[PDB]
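Written below as structure tokens is the structure these notes are about.
Reminder, nothing fancy here: chain letters follow the sequence lines and each chain counts from 1. Just the heavy atoms: all of them, side chains too, but no hydrogens, waters or symmetry mates, feed the values below.
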Amino acid sequence: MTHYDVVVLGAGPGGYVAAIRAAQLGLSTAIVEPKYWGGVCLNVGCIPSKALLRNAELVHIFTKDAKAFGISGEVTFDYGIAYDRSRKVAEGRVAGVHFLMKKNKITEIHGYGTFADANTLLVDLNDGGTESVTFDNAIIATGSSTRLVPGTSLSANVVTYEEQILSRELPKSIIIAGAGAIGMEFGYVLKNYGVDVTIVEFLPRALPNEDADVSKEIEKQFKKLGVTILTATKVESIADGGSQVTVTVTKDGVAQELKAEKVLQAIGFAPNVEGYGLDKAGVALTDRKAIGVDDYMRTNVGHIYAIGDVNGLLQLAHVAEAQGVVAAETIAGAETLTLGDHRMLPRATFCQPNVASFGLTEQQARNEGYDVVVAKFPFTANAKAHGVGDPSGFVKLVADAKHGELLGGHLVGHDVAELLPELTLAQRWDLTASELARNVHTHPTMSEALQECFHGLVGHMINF
Amino acid sequence: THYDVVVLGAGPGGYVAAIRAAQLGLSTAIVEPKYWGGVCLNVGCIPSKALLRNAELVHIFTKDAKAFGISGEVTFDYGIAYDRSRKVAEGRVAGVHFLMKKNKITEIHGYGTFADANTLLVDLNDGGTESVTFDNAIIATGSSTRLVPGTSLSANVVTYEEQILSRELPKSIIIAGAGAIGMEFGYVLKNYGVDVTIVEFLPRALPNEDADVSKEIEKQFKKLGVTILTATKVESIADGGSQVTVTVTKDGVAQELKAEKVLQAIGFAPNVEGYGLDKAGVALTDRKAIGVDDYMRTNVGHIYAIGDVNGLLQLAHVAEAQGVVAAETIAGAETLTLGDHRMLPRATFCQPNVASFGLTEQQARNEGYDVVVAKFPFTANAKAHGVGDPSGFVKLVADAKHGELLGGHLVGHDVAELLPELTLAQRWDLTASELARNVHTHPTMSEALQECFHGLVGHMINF
Ligand SMILES: Cc1cc2nc3c(=O)[nH]c(=O)nc-3n(C[C@H](O)[C@H](O)[C@H](O)COP(=O)(O)OP(=O)(O)OC[C@H]3O[C@@H](n4cnc5c(N)ncnc54)[C@H](O)[C@@H]3O)c2cc1C
Ligand SMILES: Cc1cc2nc3c(=O)[nH]c(=O)nc-3n(C[C@H](O)[C@H](O)[C@H](O)COP(=O)(O)OP(=O)(O)OC[C@H]3O[C@@H](n4cnc5c(N)ncnc54)[C@H](O)[C@@H]3O)c2cc1C
Ligand SMILES: COc1ccc(C(=O)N2CCC3(CC2)C(=O)N(CC(=O)NCCc2ccc(Cl)cc2Cl)CN3c2ccccc2)c(OC)c1
Ligand SMILES: COc1ccc(C(=O)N2CCC3(CC2)C(=O)N(CC(=O)NCCc2ccc(Cl)cc2Cl)CN3c2ccccc2)c(OC)c1
């Protein structure tokens with residue numbers, strides 16, 4: 001039985017990064033993955049996803065603003081090509097992971113890991129073999145799986161993001177359950193490629209986790225794009241009759257049946273917690289069936305850590321990575337910085353215009369008891385926005401009055417996902433609106449919209 | 001007719017300074033005879049970025065139609081691009097007037113000439129002539145095009161003004177000056193099928209940037225089809241009606257260049273003559289730019305100078321910032337000096353963009369710092385690949401003492417938007433170690449910055 005200082009389960013964004021950090025800190029490392037090196041993100045998530053969003057974005061432009069941009073000529077778009085490009089990008093990143101594992105002398109174990117003890121891991125190698133490994137520390141980065149609508153099930157026409165993302169051919173129509181980022185993005189792409197799209201969301205607003213002002217704007221954008229979004233509507237059942245699928249939904253005691261060629265299941269993702277002997281390791285779960293964890297990613301078992309979607313704190317790639325680093329550094333006894341309140345971490349939805357936020361929404365900060373101060377700046381008043389051809393959206397900043405400290409940021413606009421860094425940095429290192437308003441922003445850029453809010457937070461904006 | 005503050009010029013610096021002044025309860029009056037919003041909003045910034053956007057789409061299609069599964073025969077009409085640039089421009093200019101009324105700032109439509117240290121003589125556009133006194137004055141007269149020594153303007157030898165206000169495009173053009181402005185025109189024109197040749201006296205293009213950036217940008221422009229001649233000196237320009245002949249010197253040998261039009265954009269001199277700066281007693285510097293202290297305060301106590309006229313960093317956001325400092329200093333409000341202007345951000349908007357701040361690698365080494373460099377290529381960035389352009393890189397320069405930043409230099413798809421975090425950190429003493437802990441959303445270009453931070457602190461992770 002080979003023995004490693006550290007052993008990681010799962011090669012996703014969190015796993016492969018936690019191994020890299022471990023290796024750097026001089027820790028004998030081995031990573032166990034049976035299928036996805038780079039996990040969901042690099043294989044059938046983040047990576048292929050954002051490549052497709054880019055193709056859809058172009059179709060959107062060369063279709064609605066072609067004339068406004070002085071572009072003429074009848075052009076067509078082949079989704080097949082978009083599909084092929086997303087797979088190549090995926091292949092590239094995946095090949096890059098192995099390079100990193102190699103560069104860092106990280107041992108690769110190709111199979112499925114199952115805890116047989118708090119320090120022993122039995123593996124079912126992909127080539128039929130079997131090998132057990134011991135370890136002083138273990139990092140569980142097993143990820144999550146798509147949660148299905150209760151009672152429903154997968155089939156030829158009822159699928160998860162996986163079967164859909166790996167589909168080179170597009171259906172005529174589709175019904176998406178869940179108005180979260182994942183659901184909205186597939187909607188943006190598909191709709192732009194000519195697919196009939198209807199998105200159902202139990203909650204009252206699309207992207208319910210975002211600030212209220214953001215949900216409204218985005219819903220207005222999608223309705224215009226031609227996508228039908230039904231909020232406060234419950235998906236009762238899903239029936240795949242082959243030639244088509246029938247989904248029944250209810251709202252205010254009144255039911256109606258929706259029908260389409262396919263239906264995508266995307267209401268949530270449950271942490272992968274069963275099937276690999278967590279019980280034999282003694283790792284406890286939370287009431288939401290997620291691996292319980294502390295500020296240093298430690299489970300109820302001192303030497304066993306849990307990172308990534310599997311802990312369900314913030315199911316995003318950058319978070320997984322970050323937690324991976326924290327787990328690694330803590331094991332090696334090196335200097336680290338707990339992520340702290342995960343609500344403060346940044347997040348983005350990549351439909352166009354983007355959605356980027358961090359921290360608390362206006363209403364949450366209100367309920368939390370802060371002396372809420374708000375500054376909203378519309379992009380219709382931003383030079384760069386008008387120059388790019390998309391002056392919609394806005395920048396909404398939430399802060400506390402006492403010292404002008406940032407509580408949260410909520411943005412909707414062209415590629416606004418790249419404007420968050422400044423906000424989170426200031427929030428983390430006690431920089432207030434006063435210090436923020438003194439940062440000169442290049443002209444003309446979307447980032448100037450952040451400068452204005454800083455001013456409208458400290459007092460009154462200048463160009464407004 | 002007296003005011004607490006009087007602003008000369010209504011460009012980015014003047015009109016923003018007037019707003020701030022007004023906000024501080026100061027009676028304010030601004031004098032402008034032609035361009036409300038100045039160069040920037042009328043014939044600079046605003047229309048320029050609009051045209052650059054159009055040219056980008058032409059590029060995106062031409063260069064990558066196939067790669068994106070976009071097939072078909074499309075054609076682009078510059079005239080329409082032109083039309084939109086004017087509309088976007090007129091929109092902003094109208095915005096200037098709106099803010100002037102909203103802040104009860106008085107508009108004076110004429111040219112201002114100093115008579116005293118507190119008196120301005122105004123030649124009204126209507127033909128009349130009036131006088132105005134003030135306790136404080138802000139000079140935001142901008143700059144003008146500096147012509148190549150011994151040459152002059154003519155039918156086919158123009159400045160950025162004529163060129164940018166031209167709805168029709170030439171078949172060929174020669175550009176004098178490989179600065180951002182010239183490079184941007186080269187980008188636009190080339191994408192629209194114009195033969196483009198850019199002549200630069202200095203050995204590199206974008207000579208003010210970091211050498212690695214100059215090298216990288218020159219490569220992409222050559223791939224675009226733009227001919228750039230560096231270490232080449234423009235000797236003379238002969239407008240012959242049909243074709244313009246530009247005599248140049250490269251490698252101690254004289255050769256001729258020919259095109260229909262020639263754009264003069266090697267530099268811009270601060271507007272300092274013709275309006276009585278001497279009557280007011282304001283002193284100019286060796287380079288003939290109004291001298292100012294860290295508060296935009298000239299040798300004349302109650303007289304300030306902001307924008308291009310002081311030549312510190314000729315950019316609109318710089319112009320706006322100094323105006324705020326001036327207005328606050330005048331009212332005696334809470335203010336913060338801009339500090340070392342070299343530490344201010346700047347971006348060139350060709351595609352890919354160029355974005356930087358602080359010192360170049362060579363400058364930091366020359367300054368005597370304990371240079372530490374971390375460079376990350378976008379070929380390793382998921383977002384860059386998704387975008388369809390993994391070219392470019394992020395190059396950060398820091399001092400090894402505590403890991404304080406000295407400069408940032410990048411080239412990549414819309415990198416101009418990525419500077420905020422860097423200038424903020426350098427401004428409030430946040431070192432590499434602090435910056436290395438800021439989480440960046442995935443997948444974004446900003447992640448490249450994140451890797452560089454780790455590189456400075458020790459080892460990157462995804463490279
Ligand atoms: C369509 C889609 C788009 C997305 N877009 C984004 C985006 O733009 N940005 C973002 O930040 N996030 C995005 N996400 C979410 C992101 O993919 C996840 O947050 C991230 O993959 C979680 O990383 P992880 O390492 O925790 O787990 P995963 O990437 O899920 O990897 C876990 C790995 O563990 C392996 N494993 C499981 N059990 C075992 C075992 N017992 N033994 C060995 N190996 C095991 C699995 O095979 C799997 O490959 C997206 C998700 C989807 C579905
Ligand atoms: C083609 C081009 C593109 C550019 N693009 C950018 C860009 O993308 N980003 C950027 O940051 N910068 C850009 N610039 C530079 C930017 O335009 C200048 O830095 C900025 O305009 C300077 O502002 P200012 O207020 O100092 O002066 P200006 O905007 O030049 O305004 C000076 C004003 O003063 C008036 N004036 C002069 N003398 C008198 C007098 N005696 N009495 C009354 N009024 C007077 C003038 O009529 C004029 O309107 C660009 C420049 C050009 C030429
Ligand atoms: C483009 O990349 C993507 C892909 C997915 C999402 C998304 O919709 N998420 C992930 C983040 C989310 C909500 C769901 C989360 O998992 N968190 C916890 C959470 O919401 N709770 C889930 C935990 C849970 C609940 C019940 C049960 Cl039974 C189990 C579990 Cl584990 C916080 N959070 C979020 C918060 C604010 C704004 C935006 C997002 C996303 O959103 C921007 C971007
Ligand atoms: C897309 O927006 C634009 C439009 C113009 C420029 C540009 O070419 N500039 C302005 C900044 C500049 C160099 C010239 C400057 O004015 N500086 C001072 C300066 O050089 N002083 C010149 C003033 C002057 C000129 C002529 C005369 Cl006769 C006197 C004086 Cl005082 C430094 N500097 C700079 C540019 C890039 C990286 C680092 C620094 C630009 O550049 C990014 C972007």
Side-chain angles (χ1 to χ4, degrees), chain A residues 17 20-21 24 46-47 50-51 54-55 58 62 69-78 80-82 89 92-93 317-318 322 337 345-348 383-384 386-389 415 417-422 424-426 428-429 431 435 438-447 450 460 462-463, chain B residues 16 19-20 23 45-46 49-50 53-54 57 67-77 80-81 88 91-92 99 315-317 321 336 344-347 382-383 385-388 414 416-421 423-425 427-428 430 434 437-446 449 459 461:
Chain A
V17 168
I20 294 172
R21 192 76 188 80
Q24 304 184 314
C46 316
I47 305 301
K50 281 53 196 179
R54 178 52 169 168
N55 279 77
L58 271 54
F62 289 68
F69 278 133
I71 300 181
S72 60
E74 285 183 347
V75 61
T76 61
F77 320 75
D78 185 359
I81 306 297
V89 176
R93 291 306 85 190
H318 53 285
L337 203 186
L345 288 173
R347 56 271 184 168
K384 185 68 176 175
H386 274 290
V388 179
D415 295 308
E418 303 280 20
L419 309 177
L420 289 173
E422 188 186 18
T424 60
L425 179 62
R428 166 174 289 84
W429 303 100
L431 280 179
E435 290 69 57
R438 295 298 171 172
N439 193 201
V440 174
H441 292 64
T442 300
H443 174 78
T445 60
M446 298 291 276
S447 77
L450 296 176
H460 34 298
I462 300 176
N463 291 68
Chain B
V16 169
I19 291 178
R20 191 73 184 95
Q23 302 181 322
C45 312
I46 306 310
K49 276 58 249 185
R53 177 51 172 171
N54 275 71
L57 304 187
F68 284 124
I70 304 177
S71 68
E73 299 176 55
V74 312
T75 61
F76 308 82
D77 172 30
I80 304 300
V88 174
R92 296 291 292 191
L99 293 166
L315 300 172
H317 56 283
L336 186 72
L344 291 171
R346 347 91 182 190
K383 188 62 180 184
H385 284 277
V387 163
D414 289 306
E417 301 291 333
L418 306 181
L419 295 173
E421 186 191 15
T423 59
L424 179 67
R427 181 55 147 297
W428 305 92
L430 294 183
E434 284 79 60
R437 295 296 179 174
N438 185 205
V439 182
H440 294 64
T441 301
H442 175 74
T444 60
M445 303 286 273
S446 63
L449 308 176
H459 297 296
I461 299 171

Heavy-atom pairs under 4.5 Å with chain B, option from [options] with the top count:
options	value
A:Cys46, A:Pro444, A:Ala322	A:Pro444
A:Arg438, A:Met446, A:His460, A:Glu74	A:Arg438
A:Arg21, A:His386, A:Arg428	A:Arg428
A:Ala317, A:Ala51, A:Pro346, A:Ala426	A:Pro346

Counting only N and O atoms by type, is there a donor-acceptor contact under 3.5 Å from the side chain of [X] to the main-chain atoms of [Y]?
X	Y	result
B:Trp428	A:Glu435	yes
B:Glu417	A:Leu419	no
A:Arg347	B:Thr441	no
A:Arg54	B:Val387	yes

Any heavy-atom pair between the side chains of [Y] and [X] that's under 4.5 Å?
X	Y	answer
A:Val440	B:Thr423	no
B:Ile80	A:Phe69	no
B:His317	A:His441	no
B:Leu430	A:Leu431	yes

Structural part of [X] lying under 4.5 Å from a heavy atom of chain A:
X	result
B:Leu57	both
B:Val88	side chain
B:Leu419	side chain
B:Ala347	both
B:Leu336	both
B:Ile19	side chain
B:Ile70	both

Audit row: A:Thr76, B:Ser71, side chain to side chain contact (heavy atoms under 4.5 Å, CB included) steps and yes/no: CA-CA 6 Å; A:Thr76 61; B:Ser71 68; 3.5 Å; yes

With sequence neighbours excluded, residues passing ring pair (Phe, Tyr, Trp, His ring centres under 6.0 Å) with A:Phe62: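 Here the qualifying residues are B:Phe61.
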
If I compare all heavy atoms of B:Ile46 with all of A:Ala383, which pair ends up nearest, and what's the gap?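 Looking at all heavy atoms of both residues, the shortest contact is CD1-CB, 3.5 Å.
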
